[PDB]
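Numbering (PDB author numbering), first residue to last: 1 to 151. Just so it is clear, CB atoms sit at the ideal spot from N, CA and C, and this is done for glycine as well. See below for the structure under consideration.
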Amino acid sequence: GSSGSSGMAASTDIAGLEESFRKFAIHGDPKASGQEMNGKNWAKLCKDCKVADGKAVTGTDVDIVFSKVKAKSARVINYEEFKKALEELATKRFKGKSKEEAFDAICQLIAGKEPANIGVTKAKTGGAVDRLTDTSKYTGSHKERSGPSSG
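Below is the structure:
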């Protein structure tokens, strides 16, 4: 008779979210300590973690949220803000779940998941349009009279 040997434990808190965030936060960046997260990584994190399905949550929405949590000054976001975006993409991502449930649901997508490459195909080529109206002023006959300054 062997019978099971030990087996028990509890878990109320996520305990993995902030762990994953840091990863994506310091994604590649060896200098990154995992205190800040660039919108480029944030969005990505909301991609690899399959947080931004694209339907309910669009890379544009997350982009806005990311710029809605941070400041026109700051360029990165902090966990505090990060979780804020998740909250906005929580009810926007999931159905009509609870603020906590939805948030915990979106966390269940990150918490545990890593920014690792992961053998998965998903992306979409995208560019931008540049331009700038150039009035370009041109004169011919002007500045006839001469003077030092006093006039």
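Extent of the continuous alpha helix (DSSP H) run through residue i
{"i": "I110", "result": "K99 to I110"}
{"i": "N41", "result": "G39 to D48"}
{"i": "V62", "result": "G59 to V69"}
{"i": "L89", "result": "Careful: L89 lies outside any alpha helix (DSSP H) and carries neither H nor E."}
{"i": "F94", "result": "Where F94 is concerned, there is no enclosing alpha helix (DSSP H), given that its DSSP letter is neither H nor E."}
{"i": "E19", "result": "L17 to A25"}
Nearest-angstrom Cβ-Cβ length linking residue i and residue j, presumed shorter than 8 Å
{"i": "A85", "j": "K97", "result": "Actually they do not touch by this definition, with Cβ atoms about 17 Å apart."}
{"i": "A111", "j": "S11", "result": "Not really, about 11 Å apart at Cβ, beyond 8 Å."}
{"i": "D48", "j": "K113", "result": "7 Å"}
{"i": "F82", "j": "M37", "result": "6 Å"}
Of the residues the options, the one placed nearest residue i, counting alpha carbons only
{"i": "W42", "options": "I26, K31, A56 and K55", "result": "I26"}
{"i": "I118", "options": "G4, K50 and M8", "result": "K50"}
{"i": "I14", "options": "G126, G1 and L109", "result": "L109"}
{"i": "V57", "options": "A90, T125 and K31", "result": "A90"}
{"i": "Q35", "options": "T60, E80, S3 and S149", "result": "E80"}
{"i": "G126", "options": "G59, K55, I77 and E18", "result": "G59"}
{"i": "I77", "options": "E100, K99 and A32", "result": "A32"}
Own chain, CB closer than 8 Å to residue i, minus 5 neighbours either side, in chain order
{"i": "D53", "result": "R93"}
{"i": "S67", "result": "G39"}
Sequence-distant residues of the same chain with beta carbon closer than 7 Å to residue i, five excluded per side
{"i": "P115", "result": "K23, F24, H27, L45 and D48"}
{"i": "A128", "result": "none"}
{"i": "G147", "result": "none"}
{"i": "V65", "result": "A85, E88 and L89"}
Extent of the continuous beta strand (DSSP E) to which residue i belongs
{"i": "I77", "result": "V76 to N78"}
Residues near residue i by beta carbon distance below 6 Å, same chain, minus five either side
{"i": "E87", "result": "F103"}
{"i": "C107", "result": "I14 and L17"}
{"i": "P30", "result": "none"}
Closer than 7 Å: residue i CB and nearest the ligand FAD heavy atom
{"i": "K72", "result": "You won't find the ligand FAD in this model; it holds no ligand whatsoever."}
Measuring CB atoms only, is the region 125-143 touching the region 70-89, in the sense that at least three cross pairs come out at less than 8 Å?
no
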